[PDB]
Amino acid sequence: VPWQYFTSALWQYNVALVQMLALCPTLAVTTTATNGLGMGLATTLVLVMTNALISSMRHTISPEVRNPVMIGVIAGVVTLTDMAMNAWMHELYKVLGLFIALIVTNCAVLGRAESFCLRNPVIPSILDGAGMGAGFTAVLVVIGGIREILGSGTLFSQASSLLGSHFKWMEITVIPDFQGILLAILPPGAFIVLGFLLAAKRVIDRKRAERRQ
Amino acid sequence: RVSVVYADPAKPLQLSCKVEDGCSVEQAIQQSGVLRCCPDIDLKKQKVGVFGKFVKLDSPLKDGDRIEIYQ
Amino acid sequence: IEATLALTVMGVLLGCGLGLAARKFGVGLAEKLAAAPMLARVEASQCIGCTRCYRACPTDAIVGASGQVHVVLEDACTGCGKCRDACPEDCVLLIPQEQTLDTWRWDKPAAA
Amino acid sequence: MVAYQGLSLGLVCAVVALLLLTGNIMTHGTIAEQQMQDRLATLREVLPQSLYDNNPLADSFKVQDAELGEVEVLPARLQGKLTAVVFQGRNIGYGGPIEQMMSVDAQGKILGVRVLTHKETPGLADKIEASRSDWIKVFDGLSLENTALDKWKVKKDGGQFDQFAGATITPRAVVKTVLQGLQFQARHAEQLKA
Amino acid sequence: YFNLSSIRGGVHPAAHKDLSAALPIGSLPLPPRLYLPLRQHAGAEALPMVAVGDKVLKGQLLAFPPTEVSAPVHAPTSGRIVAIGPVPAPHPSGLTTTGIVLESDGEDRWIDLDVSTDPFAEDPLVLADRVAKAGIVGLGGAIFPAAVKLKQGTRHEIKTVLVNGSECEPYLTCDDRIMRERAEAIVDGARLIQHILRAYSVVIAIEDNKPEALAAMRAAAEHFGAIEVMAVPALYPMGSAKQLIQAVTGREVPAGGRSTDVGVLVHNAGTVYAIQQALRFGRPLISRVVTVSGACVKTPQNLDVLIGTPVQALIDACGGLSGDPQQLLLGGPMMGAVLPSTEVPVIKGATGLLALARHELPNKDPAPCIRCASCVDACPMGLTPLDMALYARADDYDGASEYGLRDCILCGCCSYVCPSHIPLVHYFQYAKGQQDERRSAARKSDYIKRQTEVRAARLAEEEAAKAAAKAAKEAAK
Amino acid sequence: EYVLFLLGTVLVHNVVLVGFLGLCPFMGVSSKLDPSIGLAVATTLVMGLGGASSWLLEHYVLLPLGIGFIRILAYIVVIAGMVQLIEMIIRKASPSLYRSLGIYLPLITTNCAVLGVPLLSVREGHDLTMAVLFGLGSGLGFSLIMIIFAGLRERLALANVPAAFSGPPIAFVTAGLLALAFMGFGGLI
Amino acid sequence: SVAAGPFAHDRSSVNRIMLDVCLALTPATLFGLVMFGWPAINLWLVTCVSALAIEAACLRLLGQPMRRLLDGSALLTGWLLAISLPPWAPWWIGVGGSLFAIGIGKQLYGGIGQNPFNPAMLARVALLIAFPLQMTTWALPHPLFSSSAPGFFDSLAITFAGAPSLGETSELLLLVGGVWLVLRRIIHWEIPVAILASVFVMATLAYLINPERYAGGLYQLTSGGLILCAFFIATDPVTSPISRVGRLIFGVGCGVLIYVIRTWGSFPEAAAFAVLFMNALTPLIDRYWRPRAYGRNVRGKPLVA
Ligand SMILES: CCCCCCCCCCCCCCCCCCCC(=O)O[C@H](COC(=O)CCCCCCCCCCCCCC)COP(=O)(O)OCCN
Ligand SMILES: CCCCCCCCCCCCCCCCCCCC(=O)O[C@H](COC(=O)CCCCCCCCCCCCCC)COP(=O)(O)OCCN
Ligand SMILES: CCCCCCCCCCCCO[C@@H]1O[C@H](CO)[C@@H](O[C@H]2O[C@H](CO)[C@@H](O)[C@H](O)[C@H]2O)[C@H](O)[C@H]1O
Ligand SMILES: CCCCCCCCCCCCO[C@@H]1O[C@H](CO)[C@@H](O[C@H]2O[C@H](CO)[C@@H](O)[C@H](O)[C@H]2O)[C@H](O)[C@H]1O
Ligand SMILES: CCCCCCCCCCCCO[C@@H]1O[C@H](CO)[C@@H](O[C@H]2O[C@H](CO)[C@@H](O)[C@H](O)[C@H]2O)[C@H](O)[C@H]1O
Ligand SMILES: CCCCCCCCCCCCO[C@@H]1O[C@H](CO)[C@@H](O[C@H]2O[C@H](CO)[C@@H](O)[C@H](O)[C@H]2O)[C@H](O)[C@H]1O
Ligand SMILES: CCCCCCCCCCCCO[C@@H]1O[C@H](CO)[C@@H](O[C@H]2O[C@H](CO)[C@@H](O)[C@H](O)[C@H]2O)[C@H](O)[C@H]1O
Ligand SMILES: CCCCCCCCCCCCO[C@@H]1O[C@H](CO)[C@@H](O[C@H]2O[C@H](CO)[C@@H](O)[C@H](O)[C@H]2O)[C@H](O)[C@H]1O
Ligand SMILES: CCCCCCCCCCCCO[C@@H]1O[C@H](CO)[C@@H](O[C@H]2O[C@H](CO)[C@@H](O)[C@H](O)[C@H]2O)[C@H](O)[C@H]1O
Ligand SMILES: Cc1cc2nc3c(=O)[nH]c(=O)nc-3n(C[C@H](O)[C@H](O)[C@H](O)COP(=O)(O)O)c2cc1C
Ligand SMILES: Cc1cc2nc3c(=O)[nH]c(=O)nc-3n(C[C@H](O)[C@H](O)[C@H](O)CO)c2cc1C
Ligand code: SF4
Ligand code: SF4
Ligand code: SF4
Ligand code: SF4
Ligand code: FES
């Protein structure tokens, strides 16, 4: 079934939890959960588009010039994405900054472009790209929620200004009247949260294996 | 430079001793000292071979051989 | 637009460089690129001296020949099994290595 | 074949380059108008429409001094007479450089100071923003004649401007650049003072 | 000379030497049966010459050496042989070994020894072979045959013969009493060794906690010229060869090299006395001097013990076990082996029979290493024992060998000064045992491959030769 | 002076701990010390070379033609056309030199920082020499932090880390404490 | 199973070492608690008890024996953290500091002997970064029974809830305790000698170069806890080199970083950052500066004679 690639792409192989890839935007833009949601959505869209293009052009690639071709067919596409978000999603564009343009070297994306889409049809490539984009989005949302709850108290914030006013129902405040721990927003607060998340993932993997046995 | 093996099932003995070139079984066994360690060894009734082929008492042997005494 | 000229010049020259240099011969998969003993046994009555044990033994383990000589092995056995099937009476009685003083070592401490 | 292992790379490169000019001809105008209305919305924050009659973003100056270097002073002329000048200031804070704007009149009175960009510590020094605190509106009636150069400091250094709890810098940077901008307006008269 | 000291490490344990070095050297009544193990040395194991039921005399050669690096085993008393079989061994394992059982008749008749005439006249090879046919084994713990050591000494040039009289272990006082009572024989043996190995002087060295031994050695050796008596300080790793060489001469023995490269030879005082007895009188090595000590012994003493005497008779001679023996070692407390029982015999390498009670034994509860670097400050070879312990505990023996496991002498200075009480020497012995097992397996595989290659080559050559011979025969038919 | 700028790029403005550039390969290779040394020297040389080629391409081709928005493509294409070239040459070349530099080829060519450094260099308008020194400063900073982290992880490999934390979680926590230690250098240069 | 030697010991123990370090610390701690008053006493007790309880919880979670609590390794971390804190600090600062040290800095790495960083200085750095307002409001001395210090319940309201020749006599007791620690062979003199010598040399040459800018470094030379950091903090055995040249490199670099971050940095609390940087730099110094063996040269080849 094509749908099992999508289901395998969330948890059994995750880009930031299993294969240890795309850690730059994982630890860089995660101070707010809406920022992680927007970056994950943009990464998912770019991954789906470039996976479709690479799998469409799969029987045209020279073997020893294989890198600067696909990098090229990544790069302009990402530039088009940048030239979307500088025109209509400019509020999200100022928040991410460099890393929305820095998707052409998001390893997970190039690792997916080289390993998967060079030998499989268009539909499995699109499904696997969407699945690993969704897994990256879920990881970013979880880490952003943990860090922003620790650092300011509130869950998903400035959703109207960033992701549109229609998402205003996502604003929820937990721990009211809280100044917040300033270290969690800072760069040392991201590595520790990712390490604890990896340890928790290993713990529930062992517990699920023990439940199945 | 030869070796000597006594093939007793109770205690298999192996020694390595140096000989003059052109030696026979008799002088190699006498110089080797197998007789004094096992006084129950008879050189004329019990059987002597080299590498598994039956050998007479006065025959020459070359380098690397293994005199084996047994039943 | 003349941007096409510069872009294909950069492209064809880098590609041509790869093509000429080819004459001189994932991220995860490149990282890995970067980073019981047995002993035979012959008894005292079961072997009648058929010498097939010595006949099929590449190691010089069994010593002796001819008949009713009670051929016996040495420490040069490996348990390869060439002498089991060779002998018709099936006296080769391969057993493992028994613990003695010279094969005694020290044990690891349990836990800290 | 080296030949095509090359050409190939070539056409890819170019197809990606022609795809990148049509996108500009749709989007460049739609980006530029957003940038200039962002500048206009920043301009309306410090000054109202009553003080100026001509368009402020049409006769921008370029004045060279000895400390700031080049400035981008925008005038506010009612009928051929200078009434206010709006310009920008750079200063290093704690987390990096800070861009803030001042809108000082023809007589030296500050009509408003607003911070465009800064890098500081959340929850600790965001009070420079006018959407959270009133502190940045302390510069609304002062000038260079009713405040000599002893009170243009924070209260930690012996001035009259309050400092946030847990910090003397970011107010030091803001008050220092406000003082330096007033001194800059005092230095080149007539064209920026009148 | 002019002793450099330094040592770059060392500890000062409680000597406990005052409680046994008061009484003179006692004697033993003849026990009924002796167990002589056939391997009391290093190298290969000697083969028996006598059979069951034979009558032997005191000094008969019971077993003979099969190769060069071995030593014959002599009969300690006259009697009848009853077994050539399994005997208990002085090992912590408790396993048995090949050995003779001698039933002592009690008459104690000496054999017609081959005495010498004018031993300061002959060439050194005859004296070395006379030492070889005596069973001299180097009574210092290393149990290396003194004939092989002297023969290797005669090849090079020796500028100093070193007498290792600095008995450094706690609770042991055998060397003190033989240097007090047999000083003239030790000096004569040192002069005999100086005649064997053409050298300059003997530099007989005693620790400073033996003033009576120093006075007796100085009084015995004052008319002889080149003989020198030296007072080394009181350190635990001072009696070691590589450490006393550095303490006296000032130079270091190169790693993986013998002491003869520095032009020096090291001999224990009991070994020098045995060499003197063997050369002057022809008597083989049949008895030695051991120390019975500990708080669990009624009268601690130094006794002249025939080789193969059971431990229980040695304990029963020294009053008896006055209490419950928590540990019963064979040697000093820093190199002792837990004896399994009291039917264990006394080998030539047995130095003491300490019976340590509860209050002399430290209580230990291991803890993780706090990296206090007290092991580096006490290791005599300047190694890093903590890194050896982390690499050996993680089964990375090849990694541990780089940090100094090749140079470890198992001296025990590590676990003596360890705040978190860690069995460091146990880790080193375990790693060395695993490395020795791997080396033995590799050597067996290489030998067995050479053997099968040689057998296949000769079988193919014989078959081809006989095929060509039978082909030539039928052509002429 | 150039020395203070170099020290500020190495310590005050490190490319990993305060810059968040290059963490994937840096989290993957740093289990062992020798591939970390080889990776460090390869990325230092090629980031200096990439900064030089990026500055030349921007100030000699891109800016005089007036087109700028096609930077995040030309840069990486030239960098790709650099990197593989050298490494594929060093596949044959001296066979001894493909024991320390060439084995580490495809990690470095993306690495996010060989493109992160020229864009930040373009943002502040450096000259040729200033951009080259910026590239070698970022390379030295990445090299130093990778050697330090590789030594720390090799020490932690033989330790008694719990089984739910041994491996990459203890590496992430150790890197967080390392960045917490490196925060003292803020405001120095 | 058989027992292995050696069968002797010098009666050393880890518990004796940490209790002797606390005994050396106690003269300065008493004069600190007397001169700041009851809130310092409450903060010290809260920090020490919280560190001990979190050590007990982390030992219960990991399955380690509870006797590992009795060596004093957690009480020493709590003691050094509590004397490194601002005196009239709230209780959650001390509890969060003990939780960040015992826990993340020590017990998450396995326990005692396995951590790569100094726990107390990690906690102090994390408290300074996370809570900058509470950790930079330094109170003034208010001596016990001096009719101007607050009472018992007022000091309770100061520490819990939210109600709003002195310096030289404290460093002398720390100097006496550190000297006594050297004389008992518990710490090695290389790290304090190198730290003080390098700081004094750099400060005095900066004074002789620039007398109107850098003259404020000689008079207030031991400011920021240089004596305490030199003697009790940088001499941590687990996170320091085991050699002599390594300890000299550690001390010289620690003093260099202390002076650089103190003078030209943005932090006056430079000691913890310097110590943390050189605990990071420690394993390379350990691996590249091993002591010479017996009969071998520095390169590791056998000697020739
Ligand atoms: C206002 C409140 C402020 C709170 C934050 C304060 C600042 C941070 C303080 C963190 C303090 C952590 C203290 C404990 C650290 C761990 C101590 C060792 C525990 C341990 O190793 O147990 C092992 C791991 O546990 C497991 O297997 C399960 C691990 C599950 C981890 C789940 C993490 C979820 C995400 C957390 C993010 C927030 C924390 C990081 C900021 C399992 O033991 P074993 O299996 O070896 O032995 C089995 C029996 N023999
Ligand atoms: C502040 C401005 C005004 C002052 C201007 C000067 C500023 C400070 C200058 C400091 C200079 C540091 C270097 C001095 C030379 C070395 C002195 C130490 C000598 C030494 O190695 O002795 C150790 C003990 O000393 C120790 O324990 C010494 C440790 C370091 C102490 C530093 C201060 C020296 C005074 C010490 C006494 C203080 C008393 C206070 C009432 C070892 O001896 P060991 O017995 O451990 O050897 C057993 C080893 N196998
Ligand atoms: C590993 C050892 C590191 C050795 C480091 C050697 C370089 C450090 C010493 C020389 C420091 C020069 O740094 C000098 O000092 C001040 C601190 O007052 C720095 O910093 C100051 O100004 C800058 C910008 O205005 C801002 O960061 C801030 O306002 C302030 O901290 C300046 O950039 C420089 O003028
Ligand atoms: C909380 C209980 C323990 C408190 C007492 C600690 C005793 C041991 C001292 C260790 C070092 C403390 O660190 C030392 O303390 C003094 C006195 O507060 C600090 O000094 C601080 O307060 C004093 C008095 O307001 C001022 O000089 C200044 O505000 C600040 O420097 C210094 O930064 C440092 O030199
Ligand atoms: C071993 C016991 C547990 C120790 C650890 C827990 C400490 C608990 C501290 C609780 C603090 C509550 O906070 C503090 O309470 C005290 C009394 O306790 C109040 O004190 C008030 O009541 C007390 C009597 O109860 C009066 O004597 C006092 O004059 C008045 O101020 C303070 O105004 C308040 O600030
Ligand atoms: C491991 C050791 C941990 C030590 C932890 C001790 C924590 C003590 C603080 C408890 C939290 C706040 O506890 C308390 O709350 C109450 C109201 O809720 C307020 O206090 C109020 O009630 C207390 C009774 O408890 C009265 O004595 C006091 O006069 C009044 O002000 C203060 O805010 C604070 O004193
Ligand atoms: C540092 C790394 C480890 C972190 C571990 C967790 C640290 C311990 C918990 C930190 C709690 C943070 O929450 C902390 O709550 C206290 C409660 O008095 C708030 O304190 C607030 O209330 C009090 C009393 O009403 C006021 O006097 C005070 O001015 C105000 O700040 C702090 O501003 C906030 O920072
Ligand atoms: C390991 C060895 C020890 C290294 C320790 C480092 C100590 C500090 C380094 C030297 C720093 C001194 O800092 C230096 O002070 C001098 C004072 O002459 C200043 O010099 C300034 O004033 C002097 C007059 O006083 C002028 O002549 C000069 O042209 C001007 O630059 C420098 O601008 C500043 O760089
Ligand atoms: C081994 C360690 C080596 C340490 C480094 C040695 C090299 C140091 C050279 C830098 C010398 C200091 O050079 C200069 O000194 C002046 C005093 O005149 C200090 O003064 C500075 O402070 C402020 C910030 O507080 C700056 O905004 C300002 O530009 C300047 O006045 C700065 O620190 C530095 O700009
Ligand atoms: C750890 C260690 C401890 C030693 N202890 C002693 C000792 O107590 N007494 C002694 O005479 N030699 C001691 N030695 C030295 C050897 O045991 C022996 O004297 C030397 O190597 C050869 O001397 P021999 O030929 O007399 O056996 C020790 C050596 C080592 C390595
Ligand atoms: C001399 C000495 C100094 C110590 N200094 C510290 C210190 O500064 N911080 C700390 O948390 N523990 C310190 N300890 C305690 C011990 O080193 C700590 O438990 C290690 O971190 C063990 O993980 C010290 C112990 C000794 C013996
Ligand atoms: S082949 Fe078998 S039966 Fe025949 S002699 Fe050999 S062992 Fe005995
Ligand atoms: S098992 Fe193989 S090696 Fe062993 S004795 Fe038999 S034939 Fe020889
Ligand atoms: S046992 Fe080895 S490492 Fe330990 S002190 Fe003795 S020689 Fe040094
Ligand atoms: S003596 Fe023990 S605690 Fe100290 S360094 Fe050696 S092994 Fe570690
Ligand atoms: S290096 Fe940034 S995503 Fe891999």
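Each answer follows from the model by the rule given with it, or from the source it names; none is laboratory data. Note that we place each Cβ from the backbone using ideal geometry, even for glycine, and neighbour counts take in every protein chain shown.
Considering each residue of region E:398-413 in turn, at least one proves to be facing chain G (nearest Cβ under 8 Å), of a type outside the set (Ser, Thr, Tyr) and closer than 30 Å to G:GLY72 by Cα. Scanning region F:135-170 for residues that are crowded, with 23+ Cβ neighbours inside 10 Å, more than 10 Å from chain G (Cβ to nearest Cβ) and within 28 Å of E:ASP387 (Cβ to Cβ) returns a single hit, F:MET146.
Only a single criterion out of (1) assigned to a helix (DSSP H, G or I); (2) more than 16 Å from ligand 4 (Cβ to nearest atom); (3) within 21 Å of G:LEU33 (Cβ to Cβ) is not satisfied by G:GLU171, namely (2).
Count of region G:74-100 residues, restricted to those that are surrounded by fewer than 24 Cβ atoms within 10 Å (Cβ to Cβ), away from ligand 1 (no atom under 11 Å from the Cβ) and assigned to a helix (DSSP H, G or I), is 7.
Scanning for something within 14 Å of chain C (Cβ to nearest Cβ), surrounded by fewer than 16 Cβ atoms within 10 Å (Cβ to Cβ) and outside any loop (DSSP other than H, G, I, E, B), does region D:33-55 turn up at least one residue?
As a first pass, look at region D:33-55 and keep what is within 14 Å of chain C (Cβ to nearest Cβ): none.
No, because not a single residue in region D:33-55 is within 14 Å of chain C (Cβ to nearest Cβ), surrounded by fewer than 16 Cβ atoms within 10 Å (Cβ to Cβ) and outside any loop (DSSP other than H, G, I, E, B).
Every test in (1) in a loop (DSSP other than H, G, I, E, B); (2) assigned by TED's automatic domain parsing to the domain that holds G:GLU168 is passed by G:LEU19 save one, and that test is (1).
Taking the condition under 30 Å from F:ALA159 (Cβ atoms) and in a loop (DSSP other than H, G, I, E, B), does G:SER223 pass? Show your work before the answer.
Working: under 30 Å from F:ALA159 (Cβ atoms): no; in a loop (DSSP other than H, G, I, E, B): yes.
For G:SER223, the condition - under 30 Å from F:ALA159 (Cβ atoms) and in a loop (DSSP other than H, G, I, E, B) - is not met.
Hey, any hits in region E:436-448 for a residue that's outside the structural domain of E:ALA247 (by TED's automatic domain parsing), away from ligand 7 (no atom under 16 Å from the Cβ) and surrounded by 17 or more Cβ atoms within 10 Å (Cβ to Cβ)?
Filtering region E:436-448 down to residues outside the structural domain of E:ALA247 (by TED's automatic domain parsing) leaves E:436-448.
Then drop every residue that is not away from ligand 7 (no atom under 16 Å from the Cβ), which leaves E:436-448.
This time we only want the ones that are surrounded by 17 or more Cβ atoms within 10 Å (Cβ to Cβ), so: E:448.
Within region E:436-448, one or more residues are outside the structural domain of E:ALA247 (by TED's automatic domain parsing), away from ligand 7 (no atom under 16 Å from the Cβ) and surrounded by 17 or more Cβ atoms within 10 Å (Cβ to Cβ).
In region E:410-426, of all residues being in a loop (DSSP other than H, G, I, E, B) and within 14 Å of ligand 10 (Cβ to nearest atom), the one that is farthest from G:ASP10 (Cα to Cα) corresponds to E:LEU410. If you go through region F:10-25 and keep only what is within 16 Å of A:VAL18 (Cα to Cα) and either more than 7 Å from chain A (Cβ to nearest Cβ) or among the aromatic types (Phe, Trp, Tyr) (or both), you end up with just F:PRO25. Among residues that are touching a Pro at 6+ places or on another chain (Cβ under 7 Å) and aromatic (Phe, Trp, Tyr), F:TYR60 is not included. Taking the criterion of being among the aliphatic types (A, V, I, L, M) and within 12 Å of chain A (Cβ to nearest Cβ), the residues of region F:26-38 that qualify are F:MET27, F:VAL29.
Candidates are the residues of region G:185-241 that are of a type in the set (S, T, N, Q) and surrounded by 16 or more Cβ atoms within 10 Å (Cβ to Cβ); the one that is nearest to ligand 9 (Cβ to nearest atom) is G:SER198.
Report yes if D:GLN100 is away from chain A (no Cβ under 14 Å) and touching a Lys or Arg at 6+ places or on another chain (Cβ under 8 Å), otherwise no. Taking the combined requirement at face value, the residue satisfies it. Answer yes or no: is there a residue in region D:70-87 that is of a type in the set (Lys, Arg) and outside any loop (DSSP other than H, G, I, E, B). Yes, there is a match, as at least one residue in region D:70-87 is of a type in the set (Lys, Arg) and outside any loop (DSSP other than H, G, I, E, B). What about G:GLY103, is it at positive phi, assigned to a helix (DSSP H, G or I) and surrounded by fewer than 20 Cβ atoms within 10 Å (Cβ to Cβ)? So G:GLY103 fits the description; yes.
Scan region C:3-32 residue by residue and report those that are assigned to a helix (DSSP H, G or I), loosely packed, with under 13 Cβ neighbours inside 10 Å and either facing another protein chain (nearest Cβ under 7 Å) or of a type in the set (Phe, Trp, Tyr) (or both). Walk me through how you get there before you give the answer.
Within region C:3-32, the subset assigned to a helix (DSSP H, G or I) is C:3-21, C:27-32.
With loosely packed, with under 13 Cβ neighbours inside 10 Å added as a condition, the list becomes C:5, C:20, C:29, C:32.
The answer is C:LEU20, and nothing else.
For region B:28-71, enumerate the residues that are in contact with an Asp or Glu (Cβ under 6 Å, 6 or more places away or on another chain), closer than 16 Å to B:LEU13 by Cβ and away from chain C (no Cβ under 14 Å). Residues satisfying the conditions do not exist here. Candidates are the residues of region A:18-49 that are over 23 Å from A:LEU183 (Cβ atoms) and facing chain F (nearest Cβ under 10 Å); the one that is surrounded by the most Cβ atoms within 10 Å (Cβ to Cβ) is A:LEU21.
Selection of region C:65-108 for residues being more than 25 Å from the chain's Cα centre (by Cα) and either crowded, with 18+ Cβ neighbours inside 10 Å or within 16 Å of ligand 4 (Cβ to nearest atom) (or both) yields C:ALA65, C:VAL69, C:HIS70, C:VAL71, C:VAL72, C:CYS87, C:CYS91, C:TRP106. What about E:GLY263, is it within 16 Å of ligand 14 (Cβ to nearest atom), surrounded by fewer than 21 Cβ atoms within 10 Å (Cβ to Cβ), at positive phi and not aromatic (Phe, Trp, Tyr)? So E:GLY263 does not fit the description; no. Listed by position, the helices (runs of 4 or more DSSP H) inside region E:103-217 whose residues that are within 30 Å of E:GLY85 (Cβ to Cβ) number at least 3 are E:146-155. If a residue must be assigned to a helix (DSSP H, G or I), at the interface with another protein chain (Cβ under 9 Å from one of its Cβ atoms) and of a type in the set (S, T, N, Q), how many such residues does region A:63-94 contain? So the answer is 2. Residues considered: A:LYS207, A:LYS201. Of these, the only one that is part of a helix (DSSP H, G or I) and under 23 Å from the mean Cα position of the chain (by Cα) is A:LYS201.
Each row is one residue, and each column tells you yes or no for (1) more than 8 Å from chain C (Cβ to nearest Cβ); (2) of a type in the set (D, E, K, R); (3) touching an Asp or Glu at 6+ places or on another chain (Cβ under 6 Å).
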site	(1), (2), (3)
F:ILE86	yes, no, no
F:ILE89	no, no, no
F:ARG99	yes, yes, no
F:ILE103	no, no, no
F:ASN111	yes, no, no
F:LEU120	yes, no, no
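Looking at region A:101-117, is at least one residue crowded, with 22+ Cβ neighbours inside 10 Å, more than 9 Å from chain F (Cβ to nearest Cβ) and under 18 Å from F:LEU120 (Cα atoms)? Checking region A:101-117: at least one residue is crowded, with 22+ Cβ neighbours inside 10 Å, more than 9 Å from chain F (Cβ to nearest Cβ) and under 18 Å from F:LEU120 (Cα atoms). Residues in region D:110-152 that are in a strand (DSSP E or B) and of a type in the set (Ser, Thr, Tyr): D:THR117 alone. You will find that of E:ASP365, E:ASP387, E:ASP398, E:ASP407, the residue that is acidic (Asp, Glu), more than 30 Å from B:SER3 (Cβ to Cβ) and within 16 Å of ligand 10 (Cβ to nearest atom) is E:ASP407 and no other.
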